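Protein chains in written order, with my numbering: chain S, 1 to 214; chain H, 1001 to 1228. Beta carbons are placed, not taken as given, at the ideal position from N, Cα and C, and that holds for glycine. Written below as structure tokens is the structure these notes are about.
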RNA sequence: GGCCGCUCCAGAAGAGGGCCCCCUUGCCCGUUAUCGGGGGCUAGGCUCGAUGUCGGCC
Ligand SMILES: *[C@@H](C)[C@@H](O)CCCOCCOC(=O)CCCC
């Protein structure tokens, strides 16, 4: 019977200088056997805190940890630019050791609506037998957005995939692709291909669409 | 700065296959440590795999690798190993080797205090295949505030990675190359896009340069607007 | 009614075992290894013990 570690929120946005708190709940008591790790993209985790609140050697003192029952918190007292990263908690009260799923600390900026573009499949692709329809959401903030595909006004489900960039290194926005993949046969069964986008930066949902052929 | 862990042995294997990972340690003795393997599937969290105490030979394993994976250590080489048999697609991950320092004054092992750089393990039955590259063309319809969007759809390659540049690296501003998605076919796909001034479309040439080292492919695709 | 027992029956019977919580390991302890103390539960299901509503002897 393992002990689960549940981290919330999955991500949060903050600015340099903010006080940041990250929380993790053990499914049952782990006494005081919790560690916190920092991981940057493409890099190995580093130990920050062990035994709930003890700083590991060399870790800056703006990092601290505390416990309230099964709730464990990592606090960064004044967030520095090198602190944008993902943070993981882990218990070692009982084997097997288990990790929380992580909290990504991201850069806060002003709201930015996406610019939306839709791309029909190329004739090259159609000749090969497939039809990818691409909808682009460019340079928006915050990350949350809802992308809906409609084919002849019928809402699509299960036949699309999304991909989202990491925060731009220059302007801190996100960009996102949603790709609707039909067979050539299915794509020719319909006329209107529409991508509908909801985002905080938009007063009402934006729809880009095209008519097959035209 | 003296503690180092150097993983090797990762690679691409078919389901059912085997790999041996190595973790070469310096700056400390393996017999004064607990050595671990922890893996991280693409875009996911950390999953403990196996631990070993080279001093005692004691080992432990995640339930889902028991019988398949064997962790071992050669103290004469200060190296730990993970022998991985009966590999499957869900084992695809970066595998990190990590250390817990032994403290004779303590009474149990504590946290994972140092982690190596990681080695990538990919388990797939897919065959190596270069991408098909299709244009994402701008049309006169879709000009938003003096800005056009165009791109390249880089579809059905294996494995990772592909690199994409634009105009042989002369075009970098406004470029977004999205993370690849693993399609249900077992092949990868991604798009790279760029926004440019719409007035430029007649007098500028936009080419995406797609490189896929595993297939030794370099493909240049001119992306131009469709008219009428 | 006595004595000797637990082979059988009874649950009237309490330890083992198992789960949870507190104390930053906190008398002493601690397998290259997570303890100890305290608290909250679990009973007739296994082991051991005890008992008689049981068995044997007189
Ligand atoms: C043994 C000392 C302990 O069980 C007695 C305490 C009374 O609580 C209920 C009985 O405990 C059990 O359930 C034991 C089950 C073992 C198979």
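Every beta strand (DSSP E) of 3 residues or more that sits fully in the stretch 17-58 of chain S is shown, in chain order, as 20-26, 34-39, 46-50.
Judged by DSSP in its simplified three-state form, residue 101 of chain S adopts coil rather than helix or strand.
In the three-state scheme derived from DSSP, where H, G and I count as helix and E and B as strand, residue 189 of chain S is classed as coil. Looking at the DSSP output, residue 1036 of chain H bridges to H:1051, H:1098.
Around the beta carbon of residue 1051 of chain H, 16 or more other beta carbons sit within 10 angstroms, so the residue counts as buried. In this structure residue 116 of chain S is in contact with residue 206 of chain S, their Cβ atoms being roughly 5 Å apart against a cut-off of 8 Å.
Contact annotation, residue 1180 of chain H with residue 1160 of chain H: C-beta distance approximately 6 Å; criterion of less than 8 Å satisfied. When 7 Å is used as the limit between beta carbons, residue 167 of chain S is near no residue of chain H, the shortest such separation being about 12 Å. Taking a 10 Å sphere around the C-beta of residue 1112 of chain H, we find 16 or more other C-beta atoms and assign the residue as buried.
Against chain S, the CB of residue 1019 of chain H has no partner CB under 8 Å away; the residue lies outside that interface.
Distance between residue 1217 of chain H and residue 96 of chain S, taken at the CA atoms: about 44 Å. Pairing residue 33 of chain S with residue 92 of chain S gives a Cβ-Cβ distance under 8 Å. Taking 8 Å as the CB threshold, residue 4 of chain S stays off the interface with chain H. Within chain S, the residues whose beta carbon sits less than 8 Å from that of residue 1062 of chain H are 96, listed in sequence order. Under the Cβ criterion of 8 Å, residue 124 of chain S is counted among the residues facing chain H. Sequence-distant Cβ neighbours of residue 108 of chain S in its own chain, meaning closer than 6 Å and more than five residues away, are 13, 14, 15. By the Cβ rule, the stretch 1148-1160 of chain H counts as touching the stretch 1185-1195 of chain H, because three or more pairs are nearer than 8 Å. Under a criterion of Cβ atoms nearer than 7 Å, the residues of chain S adjacent to residue 1155 of chain H are, in order, 132. With a contact defined as Cβ atoms closer than 8 Å, residue 38 of chain S and residue 85 of chain S qualify at about 5 Å. Residue 1083 of chain H: member of the beta strand (DSSP E) spanning 1079-1084, first to last residue. The beta-carbon separation of residue 1029 of chain H and residue 1078 of chain H, rounded to 7 Å, stays under the 8 Å limit for a contact. Contact between residue 1015 of chain H and residue 1123 of chain H holds: their C-beta atoms lie close to 6 Å from each other, under 8 Å. Nearest neighbour of residue 136 of chain S by Cα position, chosen from S:152, S:154, S:163, S:36, turns out to be S:163. Across the set S:22, S:177, S:43, S:18, the C-alpha of S:22 shows the shortest separation from the C-alpha of residue 10 of chain S. Here DSSP, grouped into helix, strand and coil, assigns residue 1065 of chain H to helix.
Between residue 1021 of chain H and residue 1092 of chain H, the gap from beta carbon to beta carbon reaches 8 Å or more. Per DSSP, reduced to three states, the secondary structure at residue 1030 of chain H is helical.
Note that the C-beta distance between residue 1210 of chain H and residue 1162 of chain H is below 8 Å. Around residue 163 of chain S, the beta-carbon contacts reaching into chain H at under 7 Å are 1178, 1179, 1181, 1190. The beta carbon of residue 1012 of chain H lies closer than 6 Å to those of 1122 in the same chain, with the five residues before and after it left out. By the neighbour-count criterion, in which 16 or more other beta carbons inside 10 Å mark a residue as buried, residue 44 of chain S falls on the buried side. Think of a sphere of 7 Å around the beta carbon of residue 1069 of chain H: no beta carbon from chain S falls inside it, the nearest being about 14 Å out. Here DSSP, grouped into helix, strand and coil, assigns residue 124 of chain S to helix. Counting every other CB atom within 10 Å of its CB across the protein chains shown gives residue 208 of chain S a total of 16 or more, marking it as buried. Listed in chain order, the non-local C-beta contacts of residue 1167 of chain H below 6 Å within the same chain comprise 1207, local neighbours out to five positions each way being set aside.
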